[PDB]
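Trainee: My questions all concern the structure below.
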Amino acid sequence: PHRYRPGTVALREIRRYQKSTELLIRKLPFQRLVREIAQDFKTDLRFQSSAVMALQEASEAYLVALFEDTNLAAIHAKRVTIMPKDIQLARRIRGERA
Amino acid sequence: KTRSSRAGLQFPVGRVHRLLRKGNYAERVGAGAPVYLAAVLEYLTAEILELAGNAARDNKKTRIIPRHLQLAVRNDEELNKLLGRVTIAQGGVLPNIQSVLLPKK
Amino acid sequence: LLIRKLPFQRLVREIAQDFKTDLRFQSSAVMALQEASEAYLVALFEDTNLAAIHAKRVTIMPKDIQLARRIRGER
Amino acid sequence: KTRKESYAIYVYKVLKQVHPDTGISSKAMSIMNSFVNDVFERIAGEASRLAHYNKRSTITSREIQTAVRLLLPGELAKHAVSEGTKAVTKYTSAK
Amino acid sequence: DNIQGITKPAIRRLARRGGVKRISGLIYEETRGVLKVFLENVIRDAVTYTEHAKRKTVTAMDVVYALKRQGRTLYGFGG
Amino acid sequence: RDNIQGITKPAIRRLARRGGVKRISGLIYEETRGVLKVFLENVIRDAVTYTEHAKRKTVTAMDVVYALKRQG
DNA sequence: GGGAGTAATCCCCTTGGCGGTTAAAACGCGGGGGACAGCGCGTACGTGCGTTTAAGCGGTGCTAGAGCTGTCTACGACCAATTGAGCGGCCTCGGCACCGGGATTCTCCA
DNA sequence: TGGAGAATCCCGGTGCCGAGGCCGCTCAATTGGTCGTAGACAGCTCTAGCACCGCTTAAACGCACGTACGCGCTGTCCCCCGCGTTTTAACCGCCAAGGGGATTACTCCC
C-alpha cells in the first residue's frame, strides 16, 4: 500500500488551513465551557450567541498570533519541534506575564 | 441647500456634528472641522474600497467578502502599520511559510 | 545616566533638522528622552538575555536581536 | 420599530463613485461601519486632549489636522491633509 | 470539566492554521491554562460592566468594549 | 552630520551589564544604534508636531511627557 | 425643571430536550529522520594597559521668544418653523457555492 | 529518473436567498436673527539656552594575546506521524416553558 512521507501532509494542511477561514472548534463544547466559567462569578448569567462567537473569533486571533510567534521562536531556536519552554519564554518576552 | 452640497462633500456634516455634540468632548466647535474630518473619512475609505476592488479583480469575484478586505489590509505596509494593532472578525491569516520549513531536497 | 549628554543633544538636533529647521531645546525634556530611552533599551537587553539563554548561548548577535523586534512587532 | 442610524447609503454612493460594477456583502459593510465609528471616537479622543492640553474649550480644524499628522505617518498623511485642505477651501469659498 | 471538549485534533487544526509545522503533545495543558487566564480576565471585565449597566443578559457590545480597553479591539459588532 | 557613532561601545557594554547580557558580539552595536535611531526619529517627529501646534518654536517638558506617554 | 426609580407587558429572545445521523476524536502500531549527547576546532571575544580627546563644569552676554494682560468683536450657542434627506416594510432576480467527473498536476523508487 | 495513484481544478447544471431598489413616512438639518463671549492681536516683561572658552580628566581605543564554547560532523533512538479502526457527541429542528429589555405612564429630588 501507499503511505506518504510526513511533512508533505503538514504542508498541505498548513496551506488548506491558511487558505480557509471557518471556525474549526465546535460551538457547543465552548458554549458549555463559558457557561461553567460564567457560573463561577455570578449565577444565571445569560449569553447572546453574538458575544460567544465574538469571543471565539478573538480566541482564534490570539491563538494564531501566539502560534506564529511560537513558530518564529522555534525556527529561531534551530528546531522544528515545539516544547513548552518555548511557551513560557514566548509568554514572558511578550510581557503578558511578568 | 444642505451643507454637503455647498461643501462639495459627500459624508453628512450634521450627523458627525451631532455626534460631536453628544460626545461632550468640549463646549464650542468650529465649522469646517467636521468637513475636514469627513473628507479624510471618504479619502481613507475610498482607498480601502479601491484595494478591495483590486482584490476583487484579483480573485475573479464581483461581490466582496471580507477576505478581500483582509488581503487588502495585510499586504500594504502602511495598513499593516496602522491596523496591525487591531484584529479582524473573520480575518484569517495569510499563507506564509519559512525557508527552512520548505522541503530542501 | 551613563550615556553621555552633548552628542545626545547634538544627534537629537541633527535628526530634528530633518523634520524642521532650527529648534531650541530645554534641558529637562532631553533628560526625559535620555532616561526613557535608557529604560527601553535596558528592557530589550533582559529580553535578549532571555533569548540568548533560551538559545543555549552566551553571546548575543543581531539575528537574535531582531526576532525580538518582531516579538514586539516594530520595524 | 426603533430607529438606528447607519452609513450604508453614504459609503454606498462613495463606492459607486469609485467602483462601478462591484458588489459588497453585509459583513464587509458592518466591519467598515464599525471601522469608521472607531476612527471617529479615537480621533475625537486626540482632538479632545489636544484641545485641553492647549487650554482650549473650542474645537478648530487646526487641531484635527494636527491630530492626524501626530498619528498618521508617511506620505498618505500629506495626501489626506492636501485633499482636506481643498475640501475646507471649497467649503469656505461656497456661497 | 468542559475543557476536554477542546479536543486535541482541534488544537492540531488550529496549530496548522497558526503556522506550526511540527507539534509535540505537551502544549495542550499550557494552552488550556493560559486560556483560563485570558478568558476569566475578559469575562470578569465583561460581567463587571454588564452589571454596571444593571442588566443580566450579556451581549456582544460590552464584549467589544472590554476588548477595546485592552487595545486590540474587534470590528463588526457596532464598536 | 554623522553622529550615530557618538554612542560609544563601552557605553553600550554598560547598557549590556545593566541589561544583564554576559557576552557581546561585534555586530550588535550598529544594530542597536539603528534601533535607537528609529525610536528617536519616531519620538522627535511627535515632539516637532507638539512644538508646531503650540504656536511656539521650542520643546518643553509637557511636550516630552505627552510624547513618551502616547506610546505607553 | 429635567434625571431617575417604580409598575405591567409582551413578544421576541434564551435555553434546553429529545430522536437521528455522521464525519470526526482517539487509539494502535511500525517507523525513520531530526533532537540531542559527544569531540575538534579556531576564532572572535574578554581583559589589560599606553594614549588621547572630547569632556565636566564654571563664567558671561543677551536677546528674543516664552509668559502674562487689555479688549472687543467676530464667532458660536440656541431657539421657532420647515422639509426632503434619509429611516424602514416588501419584492424580485441574479451571484455564488453545491454535485460531479474528467483534465491537470505532485510524489517516490525502481 | 516515469508511471500508479491520488489530490486539485474547473466547467456543465442547479437552487436559493439576500442586495438592491420601490415606495411610505418622519423628524433632525436648515434659515435666520440675536447676544454672550473668549481668544487674536498688540504690547510689556524677563530669563535662561545657546555660544564661546578655558582648566583639568575619566573614559575610550586599539593592539596583544589566551582560550571557551557555538558550530560542524558523527552516532543514536524514540516518539509522535500516516494509516486504519472504532465509538461519539454535534447538530438539525421542533416544540415549549418562560423570562426580561424596552415601552408607556406616575411621581419624586437636587
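Just remember, in the C-alpha cells the first chain shown is A, the second B, etc., residues are 1-based per chain, and ligands are 1-based in the order shown.
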Once you count only C-alpha atoms (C1' of nucleotides), what closest atom pair and distance in Å to one decimal does each residue of chain A within 12 Å of chain G have, with rows by chain and rising residue number, as JSON lines?

Mentor:
```
{"residue": "A:2", "atom": "CA", "partner": "G:108", "partner_atom": "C1'", "distance": 10.1}
{"residue": "A:3", "atom": "CA", "partner": "G:108", "partner_atom": "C1'", "distance": 10.4}
{"residue": "A:4", "atom": "CA", "partner": "G:107", "partner_atom": "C1'", "distance": 8.1}
{"residue": "A:5", "atom": "CA", "partner": "G:107", "partner_atom": "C1'", "distance": 9.3}
{"residue": "A:6", "atom": "CA", "partner": "G:33", "partner_atom": "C1'", "distance": 10.0}
{"residue": "A:7", "atom": "CA", "partner": "G:33", "partner_atom": "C1'", "distance": 11.3}
{"residue": "A:8", "atom": "CA", "partner": "G:107", "partner_atom": "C1'", "distance": 9.5}
{"residue": "A:9", "atom": "CA", "partner": "G:107", "partner_atom": "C1'", "distance": 11.5}
{"residue": "A:12", "atom": "CA", "partner": "G:106", "partner_atom": "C1'", "distance": 11.1}
{"residue": "A:24", "atom": "CA", "partner": "G:24", "partner_atom": "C1'", "distance": 11.7}
{"residue": "A:25", "atom": "CA", "partner": "G:24", "partner_atom": "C1'", "distance": 11.8}
{"residue": "A:26", "atom": "CA", "partner": "G:24", "partner_atom": "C1'", "distance": 11.1}
{"residue": "A:31", "atom": "CA", "partner": "G:15", "partner_atom": "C1'", "distance": 11.8}
{"residue": "A:32", "atom": "CA", "partner": "G:15", "partner_atom": "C1'", "distance": 11.6}
{"residue": "A:35", "atom": "CA", "partner": "G:15", "partner_atom": "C1'", "distance": 11.5}
{"residue": "A:44", "atom": "CA", "partner": "G:15", "partner_atom": "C1'", "distance": 11.2}
{"residue": "A:45", "atom": "CA", "partner": "G:14", "partner_atom": "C1'", "distance": 10.8}
{"residue": "A:46", "atom": "CA", "partner": "G:14", "partner_atom": "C1'", "distance": 7.4}
{"residue": "A:47", "atom": "CA", "partner": "G:14", "partner_atom": "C1'", "distance": 8.2}
{"residue": "A:48", "atom": "CA", "partner": "G:14", "partner_atom": "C1'", "distance": 8.1}
{"residue": "A:49", "atom": "CA", "partner": "G:14", "partner_atom": "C1'", "distance": 9.9}
{"residue": "A:77", "atom": "CA", "partner": "G:35", "partner_atom": "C1'", "distance": 11.8}
{"residue": "A:78", "atom": "CA", "partner": "G:35", "partner_atom": "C1'", "distance": 10.2}
{"residue": "A:79", "atom": "CA", "partner": "G:35", "partner_atom": "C1'", "distance": 8.0}
{"residue": "A:80", "atom": "CA", "partner": "G:34", "partner_atom": "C1'", "distance": 8.5}
{"residue": "A:81", "atom": "CA", "partner": "G:35", "partner_atom": "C1'", "distance": 8.3}
{"residue": "A:82", "atom": "CA", "partner": "G:35", "partner_atom": "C1'", "distance": 10.8}
{"residue": "A:83", "atom": "CA", "partner": "G:35", "partner_atom": "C1'", "distance": 11.2}
```

Trainee: Within 10 Å of chain E, which residues belong to chain G? Use only C-alpha atoms (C1' of nucleotides) and report them as a ChimeraX atom specification.

Mentor: /G:14,24-26

Trainee: For residue C:25, work out the shell of residues within 10 Å, counting only C-alpha atoms (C1' of nucleotides) and skipping chain neighbours fewer than 2 positions away, then give it as a list in words.

Mentor: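 Once the nearby chain positions are removed, what remains is residues 9, 12, 13, 22, 23, 27, 28, 29 and 30 of chain C; 57, 58, 59, 60 and 61 of chain F; 49 and 50 of chain H.
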
Trainee: Residues at most 7 Å from stretch 89-93 of chain A, counting only C-alpha atoms (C1' of nucleotides), excluding those fewer than 5 positions away in the same chain, as a PyMOL selection string?

Mentor: (chain A and resi 70+98) or (chain C and resi 47)

Trainee: Keeping only C-alpha atoms, write those residues as a PDB file, in the first residue's frame.

Mentor:
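Produced file selection-v3.pdb, reproduced below:
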```
ATOM      1  CA  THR A  70       5.910  30.166  18.644  1.00  0.00           C
ATOM      2  CA  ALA A  98       5.583  39.463  34.449  1.00  0.00           C
TER       3      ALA A  98
ATOM      4  CA  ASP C  47      14.742  40.402  26.605  1.00  0.00           C
TER       5      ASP C  47
END
```

Trainee: What are the DSSP alpha helix (DSSP H) residues of stretch 16-56 of chain F, as a ChimeraX atom specification?

Mentor: /F:16-18,28-53

Trainee: For a quick check of understanding, using only C-alpha atoms (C1' of nucleotides), which of G:16, G:48, G:76, G:95 has the smallest distance to residue B:61?

Mentor: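 Going through G:16, G:48, G:76, G:95 one by one, the smallest distance to residue B:61 is for G:95.
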
Trainee: Given the choices C:17, C:48, C:59, C:66, which gets closest to chain G if the distance is worked out from only C-alpha atoms (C1' of nucleotides)?

Mentor: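 Ranked by minimum distance to chain G, first place goes to C:59.
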
Trainee: Find the nearest atom pair between each residue of chain G and chain B for residues within 12 Å, count only C-alpha atoms (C1' of nucleotides), give distances in Å to one decimal, sort rows by chain and ascending number, and present the table as a tab-separated table.

Mentor:
```
residue	atom	partner	partner_atom	distance
G:75	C1'	B:30	CA	9.4
G:76	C1'	B:28	CA	6.6
G:77	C1'	B:28	CA	8.2
G:83	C1'	B:1	CA	11.0
G:84	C1'	B:2	CA	10.1
G:85	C1'	B:2	CA	9.1
G:86	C1'	B:12	CA	11.0
G:94	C1'	B:63	CA	11.7
G:95	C1'	B:63	CA	7.4
G:96	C1'	B:63	CA	9.1
```

Trainee: Rounded to one decimal place, report the atom CA of residue F:35-atom CA of residue C:39 distance in Å.

Mentor: 13.9 Å
